[PDB]
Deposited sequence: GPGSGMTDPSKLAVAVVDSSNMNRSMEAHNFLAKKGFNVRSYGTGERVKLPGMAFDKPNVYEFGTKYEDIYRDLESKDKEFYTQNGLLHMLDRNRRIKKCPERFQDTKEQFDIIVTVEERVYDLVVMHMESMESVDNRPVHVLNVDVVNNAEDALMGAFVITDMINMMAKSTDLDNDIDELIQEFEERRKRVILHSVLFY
């Protein structure tokens, strides 16, 4: 409805960012998503499924298919890869993008730190501020879905504001209260 450029950021750019990306896009928002990790990591505990950022979601689908089509059908990972391939081609890395946002939402504190470190590491040119918010989302299928509803709810509330900068601290404060959550909120510059 409103002209907010939003980004959702996680480790992977696979589960939690894509659940939120999906729901925000369906609400009509100019949304993009990214991962803060070095490489794309999917689920033995010491044996994960690793791929590069820039790898098509479809290539990851065919790789896990030919490895073991049955295991990744039972854990619903192929269902996730389905959703993501419909949203965009390949998962992207936040640290490499030249896109600018009004709001950035991270799904855990460790991601938040990564985003903030990165943004700060780059000298500001446009002098344009951006709000970085952290909403904790526990990394599993069920909680990534519930989390994506919260993030959507939070961005909807923020989209309603006629002056976001001037109202955002009050909005967060009362949102935190009503939803019994802690939203870390910082400001960074492009």
Where along the deposited sequence are residues missing from the model? 1-8, 52-53
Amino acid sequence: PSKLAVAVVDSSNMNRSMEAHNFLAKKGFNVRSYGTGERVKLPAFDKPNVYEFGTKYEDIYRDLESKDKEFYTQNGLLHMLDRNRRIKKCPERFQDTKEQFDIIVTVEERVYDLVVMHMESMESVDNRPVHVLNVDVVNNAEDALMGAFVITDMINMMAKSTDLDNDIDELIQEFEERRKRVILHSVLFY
From here on, numbers count along this sequence of modelled residues.
Averaging the C-alpha temperature factors as deposited, the higher value of 160-168 versus 63-71 falls on 63-71
Mean C-alpha B-factor higher for 116-124, or for 86-94? 86-94
Quick one: which of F149, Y34, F29, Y51 has the biggest Cα B-factor according to the entry? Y51
When the entry's CA B-factors for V130, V135, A44, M154 are compared, the highest one belongs to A44
Against its chain's modelled residues, does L78's Cα B factor rank lowest, middle or highest third? highest
